[PDB]
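# before I ask anything, here's the sequence and the deposited coordinates:
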Amino acid sequence: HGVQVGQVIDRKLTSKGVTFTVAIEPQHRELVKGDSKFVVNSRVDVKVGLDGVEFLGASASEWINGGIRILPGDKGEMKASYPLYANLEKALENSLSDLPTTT
Amino acid sequence: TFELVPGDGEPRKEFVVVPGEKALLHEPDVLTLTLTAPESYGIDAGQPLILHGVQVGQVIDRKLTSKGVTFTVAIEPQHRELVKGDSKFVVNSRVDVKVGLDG
């Protein structure tokens, strides 16, 4: 919510991919609620058209800060591992792959 | 370096030292206000409040709760009367860009 609540302690590279170990301060630990969606807040998406202008991903301050944005939910069991979504659209759609599922 | 700001009243021999951040807050006359928002909008605890292009106040502190983000701000006694009690607060930190054929 625009306020720093944690810090990426370390990053590791394995065969599967990239694993980030992060820490959240005890002051804002309850605000996570255990059903959080993590979005890459280090990249910026720009779309321009005749009337539609979208500046998503991160703002200017969010870009100069970098890191991982957190979207809290309501209830969860505090699972060990969480996926890192590319953007808010994929985080909402719960789609890990870039292409959507064929229906 | 300590700074002395004289006042009036009964002489006293004990004082409580506040930092320069709280110097405006601890003034004898100051308009203290609280504003709630769903997001911080990239506003820290040092951003200055601007009225008609002239700085009149300062965001003393920012807090994050379950409801949202609460900013506690201070307004100098010189411009306290200009608020008039029916003020509308706008985020002066974000920028909106729209481009079209003529607009």
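Nice, I can see it. Numbering: from 1, shown residues only, chains lettered A, B, ... in the order given.

# can you pull out the helices in the chain?
If you meant another chain, say so; for now it's chain A. Counting by DSSP state H, chain A has helices at residues A:60-65, A:88-93.

# to clarify, I was referring to chain B.
Using DSSP H, the helices of chain B run over residues B:20-23.

# residue B:4 and residue B:17, how far apart?
Residue B:4 is 11 Å from residue B:17, where distance means Cβ to Cβ, to the nearest Å. For the C-beta atoms, the positions are set from N, CA and C on the backbone; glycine is no exception.

# okay, and the common contacts of those two?
Between them, residue B:4 and residue B:17 share no contacting residue under Cβ atoms under 8 Å, 6 or more residues apart in numbering or on different chains.

# re the thing from before, of all the helices of chain A, which lies closest to residue B:61?
Closest of the helices of chain A to residue B:61 is helix A:60-65, at 18.2 Å (criterion: Cβ to Cβ).

# contacts only, for the residue in chain A that chain B sits nearest to.
Nearest to chain B, among the residues of chain A, is residue A:2, at 2.7 Å (Cβ to the nearest Cβ). When contacts are counted by Cβ under 8 Å, 6+ apart, residue A:2 touches B:39-43, B:69.

# out of the residues you listed, which comes closest to chain A?
residue B:40 (2.7 Å).

# once you drop chain neighbours, what's closest to the closest one?
Distances taken as Cβ to Cβ, 6 or more residues apart in numbering or on different chains place residue A:2 nearest to residue B:40, at 2.7 Å, with adjacent residues excluded.
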